[PDB]
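Chemist: Structure for the following, please:
(chains A and B, ligands or ions: 2)
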Amino acid sequence: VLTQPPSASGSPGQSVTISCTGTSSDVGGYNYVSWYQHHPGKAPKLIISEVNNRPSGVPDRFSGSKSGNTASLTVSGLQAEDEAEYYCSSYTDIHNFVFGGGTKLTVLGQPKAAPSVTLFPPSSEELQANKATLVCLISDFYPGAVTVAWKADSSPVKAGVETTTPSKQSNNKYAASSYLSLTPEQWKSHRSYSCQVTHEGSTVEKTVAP
Amino acid sequence: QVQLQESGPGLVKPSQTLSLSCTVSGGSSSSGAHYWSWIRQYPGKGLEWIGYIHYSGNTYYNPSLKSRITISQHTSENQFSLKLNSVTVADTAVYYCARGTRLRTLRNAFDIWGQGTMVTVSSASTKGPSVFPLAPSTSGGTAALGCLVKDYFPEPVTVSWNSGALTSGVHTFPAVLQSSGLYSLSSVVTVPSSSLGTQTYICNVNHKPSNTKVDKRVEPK
Ligand SMILES: [Cl-]
Ligand SMILES: [Cl-]
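Modeler: Numbering: from 1, shown residues only, chains lettered A, B, ... in the order given. Ligands and ions are numbered 1, 2, ... in the order given. Shown next is the protein structure:
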């Protein structure tokens, strides 16, 4: 739909840009790009409309712009309160609203931490119950955004994939999990499966085989 | 200023109707420049605009949901509402109401939102978990071992290890909801690789809604 990066981050006082890439139908279609800030559990708020207009009530540190099929939100002096999920939206000439998939903007308050990734194959006991579940557990990462991709013999798997949103641990790092639901027969019917975890532009991968 | 506040059922069963309500507070003032909208957001997924109702009560619905929805307004209650028919588990989401606006500089933006109301769709009422071991299979000398707590409803489940004596390196992960409308989660603990012969590790899973407790010992395989 609209393409945003899943994560962006900066230290207090720094500035950060978040891109939103559409087509010429929407962004570049016209100047109807808007941006929204969402703190968990609170009403989303409009922070930019018609691409570059900042509503009264919105901190002057937010500015929008666009160039191609790509629009951008810049946050200037990053303040703790700026930590939130941000979405772009556009009207489309097809008479509809399209959204991006969101970007978590973290205002760094501790060192970045790479996820510890563990991949478990189905247990023999689960196989006896006519079920197979691959279990990819991802913990102690910061900022609290990750991308998971599943692979069966190097090929991308979509179906059966169930992935959690990251949740904050008591040490203020994050944990998440991803499951791949299979049948015993498809479990044995492949050479190997991989769980690939992308964090901060760095990809780590675990692999299991029946 | 104006605030939007959603009300919902929390849980609905498949094949039933989902009815949500949005009350508008703080001055309102009915105007043909405002469009009262619904938008939903999927479990870690993207946003979907559902439809709106504007002015004299004309509606416009997203073509993919058009056949299942009615959006209506009850102005004497300062509210507007969404009925979504024959829901399935795929309709699980946080549902937001929003005010769209046509005014200059704000065109085609949603300038006020409600906080969202979580809606879960599932046929289950109480079902206890099946517990399967995640057998230990590094640079730091540790191995991860866990338990998979599968196919239960409703939330929550708690997990400790060794009756709560083992807390170090223990992480209990948030649940996923399956297309079955049943939850699964995992718990993991990181322990010394050298102790895998001499040490007993048992996950204690408690699901109070179904009054079930399960103790599962997790061994090397
Ligand atoms: Cl900078
Ligand atoms: Cl691969």
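Chemist: Could you report the distance from residue B:52 to ligand 1?
Modeler: 40 Å (C-beta to the ion, to the nearest Å). Where you see a C-beta, it was placed from the backbone N, CA and C, and this is true even at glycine.
Chemist: so residue B:216 bridges to which residues?
Modeler: Here residue B:216 sits in beta bridges with residue B:203, going by DSSP bridges.
Chemist: Enumerate every residue touching it.
Modeler: Neighbouring residues of residue B:216 by C-beta atoms under 8 Å, 6 or more residues apart in numbering or on different chains: B:131, B:132, B:133, B:147, B:202, B:203, B:205.
Chemist: Ok, residue B:134 next?
Modeler: For residue B:134, the contact set (C-beta under 8 Å, 6+ apart) comprises A:120, A:123, A:135, B:144, B:145, B:146, B:147, B:148, B:186, B:188, B:218.
Chemist: so which helix or strand takes in the fourth one?
Modeler: When you say that, I think you mean residue B:144. Assessed by DSSP states H and E, residue B:144 sits inside strand B:142-152.
Chemist: what element comes up after that strand heading to the C-terminus?
Modeler: Counting by DSSP H and E, the next helix or strand C-terminal to strand B:142-152 is strand B:158-161.
Chemist: buried set for that following strand?
Modeler: Buried residues in strand B:158-161, counted by 16 or more other C-beta atoms under 10 Å in any protein chain shown: B:159, B:160, B:161.
Chemist: roughly how far apart are the closest residue to ligand 1 within chain A and residue A:141?
Modeler: Residue nearest to ligand 1 within chain A (C-beta to the ion): residue A:14, separated by 4.0 Å. To residue A:141, residue A:14 is 21 Å away according to C-beta to C-beta, to the nearest Å.
Chemist: higher neighbour count, these two?
Modeler: Using other C-beta atoms under 10 Å in any protein chain shown, the more surrounded residue of residue A:14 and residue A:141 is residue A:141, with 23 against 13.
Chemist: which ones are touching the more buried one?
Modeler: Contacts of residue A:141 by C-beta under 8 Å, 6+ apart are A:113, A:114, A:115, A:116, A:166, A:173, A:174, A:175, A:176, A:199.
Chemist: Which one of those residues is nearest to chain B?
Modeler: residue A:175 (5.3 Å; C-beta to the nearest C-beta).
Chemist: rewinding a little: may I see the ChimeraX selection of the buried members of the contacts of residue A:141?
Modeler: Buried members of the contacts of residue A:141, defined by 16+ other C-beta under 10 Å, are picked up in ChimeraX with:
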select /A:113,115,116,166,173,174,175,176,199
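Chemist: which ones among the contacts of residue A:141 are found in helices?
Modeler: Among the contacts of residue A:141, no member falls in helices (DSSP state H).
Chemist: Using JSON lines, please lay out the contacts of residue A:141 together with distance to residue A:59.
Modeler: JSON lines is the format used below for the contacts of residue A:141 (distance: C-beta to C-beta, whole Å):
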{"residue": "A:113", "distance to residue A:59": "29"}
{"residue": "A:114", "distance to residue A:59": "32"}
{"residue": "A:115", "distance to residue A:59": "32"}
{"residue": "A:116", "distance to residue A:59": "36"}
{"residue": "A:166", "distance to residue A:59": "26"}
{"residue": "A:173", "distance to residue A:59": "28"}
{"residue": "A:174", "distance to residue A:59": "26"}
{"residue": "A:175", "distance to residue A:59": "31"}
{"residue": "A:176", "distance to residue A:59": "30"}
{"residue": "A:199", "distance to residue A:59": "29"}
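Chemist: between the contacts of residue A:141, which is nearest residue A:62?
Modeler: Closest approach between these and residue A:62, by C-beta to C-beta: residue A:166, at 24.2 Å.
Chemist: residue contacts, that closest one?
Modeler: A:141, A:144, A:145, A:146, A:174, A:175, A:176.
Chemist: ok, which pair from those residues is furthest apart?
Modeler: Taking C-beta to C-beta as the measure, the contacts of residue A:166 span a maximum distance of 12.4 Å, between A:145 and A:175.
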